[PDB]
Amino acid sequence: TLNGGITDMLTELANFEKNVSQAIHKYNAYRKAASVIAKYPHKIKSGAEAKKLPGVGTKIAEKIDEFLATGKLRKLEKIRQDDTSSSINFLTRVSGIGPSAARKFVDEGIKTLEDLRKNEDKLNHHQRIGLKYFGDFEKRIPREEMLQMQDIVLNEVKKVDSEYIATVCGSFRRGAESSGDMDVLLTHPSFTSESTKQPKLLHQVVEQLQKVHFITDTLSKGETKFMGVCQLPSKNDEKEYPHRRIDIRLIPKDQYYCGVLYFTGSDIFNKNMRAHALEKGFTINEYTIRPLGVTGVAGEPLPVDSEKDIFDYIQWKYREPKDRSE
DNA sequence: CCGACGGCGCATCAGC
DNA sequence: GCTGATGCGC
DNA sequence: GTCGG
Ligand code: NA
Ligand code: NA
């Protein structure tokens, strides 16, 4: 929090770029700057100081100078008071409502949740679900609840077919104390890249989770990817648990561990690992790890039966998810 | 100076 | 009706 | 907005 004022400012700017100006690359520039500053172990004294950090350029250095000298940023103060812009930025907090929808809603007088609640006919299925669980979705998930959630998912999956293999990834797998949602990767030996997916392997699992009333709503659902809502059972006489976001992806057996590695992260570790792999003559993406010829031509994907197989290929020591913060 | 900044499944729109 | 583009989330 | 070829 040494530079909380600065990081808060950059993050607020980031959101407006993304949600109002629809400049996704500026949104990411601000996030990157906020992150690099968030890790800086010194209270910044000037923009020049910050500019030394990778990601902080001329413009943000200038903004830090204004912030340090006046305690605010005129442009941010102005945008905050802007009725239209602050409303557009806000509505995007609803899952299903992006920059385009938020803009159209505000254009026609729909600026608040209350307004949204009054206009169900103008919201698609996803947006209605997002509105319904607006507050719940913004709540984090204690690891204890994530464990109780994993218990149900693993049990039911095995119940449908003991040959299914399911892994809850994300920061949770790395040991995080809280999570924002639940990411589940699923596979079955019967499903490979060059075989049939028996368009129901995913369906059968989603169905069982709905049957035991764990999954409560569906945002989207196809043959390989499910996105929805779930909720832990409440103990009689206790405030019921908040609804949570859960995604389930069915991945071909031969690409499963590249998927688990990828969705376990962190993002920083993935980049570092991808870099190391390249210098070792290997190209790793979320699906496979392939060899690179001397002319840069990628060969066919290499056999992978575990996360370690991946590490072994790039002569890197297997690292526990708990040690993949970077 | 000026292009990259990940890119793909699903729901829905837009053009035919 | 079918096909490709767009919005969205991740 | 920032970086870099
Ligand atoms: Na810099
Ligand atoms: Na949204």
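Chain letters run A, B, ... following the sequence lines, proteins first, then strands; residues in each count from 1.
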(request) Taking atom P in both D:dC3 and B:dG6, compute the distance separating them and give it to the nearest angstrom. (result) 16 Å
(request) Tell me whether the OP1 or OP2 atom of D:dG1 has a side-chain N or O from A:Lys26 closer than 4.0 Å. (result) yes
(message) Tell me whether A:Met182 shares a hydrophobic cluster with A:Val157, the cluster being built from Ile, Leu, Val, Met, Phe, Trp, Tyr side chains joined at under 4.5 Å.
(response) yes
(request) Could you please name the option among B:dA11, C:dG9, D:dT2 that lies closest to any side-chain atom of A:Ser220? (result) B:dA11
(message) OP1 or OP2 of B:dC10 versus the side-chain N and O atoms of A:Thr224: is any pair under 4.0 Å?
(response) yes
(request) Check the angle between the aromatic planes of A:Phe134 and A:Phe90 and answer parallel, tilted or perpendicular using the 30° and 60° thresholds. (result) perpendicular
(request) Using the closest heavy atom to pick a nucleotide of DNA chain B for each, name whichever of A:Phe226 or A:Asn28 lands nearer the 5' end. (result) A:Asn28
(request) Give the ring-plane orientation class for A:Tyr313 versus A:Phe282, where under 30° counts as parallel, over 60° as perpendicular and anything between as tilted. (result) tilted
(message) How many whole angstroms separate atom CD of A:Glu223 from atom P of B:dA11?
(response) 11 Å
(message) Quick one about A:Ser95 and A:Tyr133 (side-chain donor to acceptor, distance below 3.5 Å, no hydrogens or angles considered), yes or no?
(response) no
(message) Heavy atoms only, 4.0 Å cut-off, all strands: where does A:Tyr287 land among base, sugar-phosphate and nothing?
(response) sugar-phosphate
(message) Within the 4.0 Å heavy-atom criterion, would you say A:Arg245 contacts the bases, only the backbone, or no part of the nucleic acid?
(response) sugar-phosphate
(request) Please state whether the phosphate of C:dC10, meaning OP1 or OP2, lies under 4.0 angstrom from any side-chain nitrogen or oxygen of A:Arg249. (result) no
(request) Taking only the side-chain heavy atoms of A:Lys225 (C-beta and beyond), determine which of D:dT2, C:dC10, B:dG9 contains the nearest atom. (result) B:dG9
(message) Mind checking if A:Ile97 touches a base, just sugar-phosphate, or nothing, with heavy atoms under 4.0 Å?
(response) sugar-phosphate
(request) Rounded to the nearest angstrom, tell me the gap between atom OH in A:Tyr27 and atom P in D:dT2. (result) 17 Å
(request) Choose from D:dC3, D:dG1, C:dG7 the nucleotide whose nearest atom is closest to any side-chain atom of A:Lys32. (result) D:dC3
(request) Check every atom of C:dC10, B:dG6, B:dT12 against the side chain of A:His125 and return the nucleotide holding the closest atom. (result) B:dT12
(message) Quick check on DNA chain B: between A:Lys221 and A:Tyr262, whose nearest nucleotide comes earlier from the 5' end?
(response) A:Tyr262
(message) Nearest whole Å is fine: how far is C:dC10 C1' from A:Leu219 CG?
(response) 12 Å
(request) Using whole Å, report how far NE2 of A:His203 lies from P of B:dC10. (result) 14 Å
(message) Could you walk me through whether A:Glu66 and A:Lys75 satisfy the salt bridge (charged side-chain N to carboxylate O under 4.0 Å, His left out) test, starting with their C-alpha distance in whole Å, then the side-chain angles of each, then the deciding distance to 0.1 Å, before giving a yes or no?
(response) CA-CA 11 Å; A:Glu66 180 183 348; A:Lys75 287 184 178 183; over 6 Å; no
(request) Classify the nucleic acid contact of A:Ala33 as base, sugar-phosphate or nothing, counting any heavy atom under 4.0 Å across all strands shown. (result) nothing
(request) Would you mind telling me which of D:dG1, C:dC8, D:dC3 lies closest to the side-chain atoms of A:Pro99? (result) C:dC8
(message) If you count every heavy atom of other residues, nucleotides or ligands that lies below 6.0 Å from A:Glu114 atom CD, does the total exceed 12?
(response) yes
(request) Could you tell me the separation between the CG atom of A:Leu13 and the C1' atom of D:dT2, rounded to a whole number of Å? (result) 15 Å
(request) Provide, to the nearest angstrom, the distance between the NE2 atom belonging to A:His126 and the P atom belonging to C:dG7. (result) 16 Å
(message) Of the listed nucleotides (C:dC10, C:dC8, D:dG1), which one gets closest to any side-chain atom of A:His25?
(response) D:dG1
(message) Using the side-chain heavy atoms of A:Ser95, tell me which of these nucleotides is nearest: D:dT2, C:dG9, C:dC8.
(response) C:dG9
(message) Applying a 4.0 Å non-hydrogen cut-off, can you work out what A:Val36 is touching in the nucleic acid: base, sugar-phosphate, or nothing?
(response) nothing
(message) Under the convention that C1'-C2'-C3'-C4' above zero is north and below zero is south, what is the pucker of D:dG1?
(response) south
(request) Count the heavy atoms of every other residue, nucleotide or ligand shown that sit under 6.0 Å from CD of A:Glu326, and state whether that count exceeds 12. (result) no
(message) If I take atom NZ in residue A:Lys59 and atom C1' in nucleotide D:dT2, what distance separates them, rounded to the nearest angstrom?
(response) 11 Å
(message) Using whole Å, what does the distance between atom P of nucleotide D:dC3 and atom CZ of A:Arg31 come to?
(response) 17 Å
(message) So if I take every side-chain heavy atom of A:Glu286 and compare against D:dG1, C:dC8, B:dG6, which nucleotide ends up nearest?
(response) B:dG6
(request) Just compare C:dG9, B:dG6, D:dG1 and give me whichever is closest to any side-chain atom of A:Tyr30. (result) D:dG1
(message) Considering every strand and a 4.0 Å limit on heavy-atom distances, what is the contact class for A:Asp247: base, sugar-phosphate, or nothing?
(response) sugar-phosphate
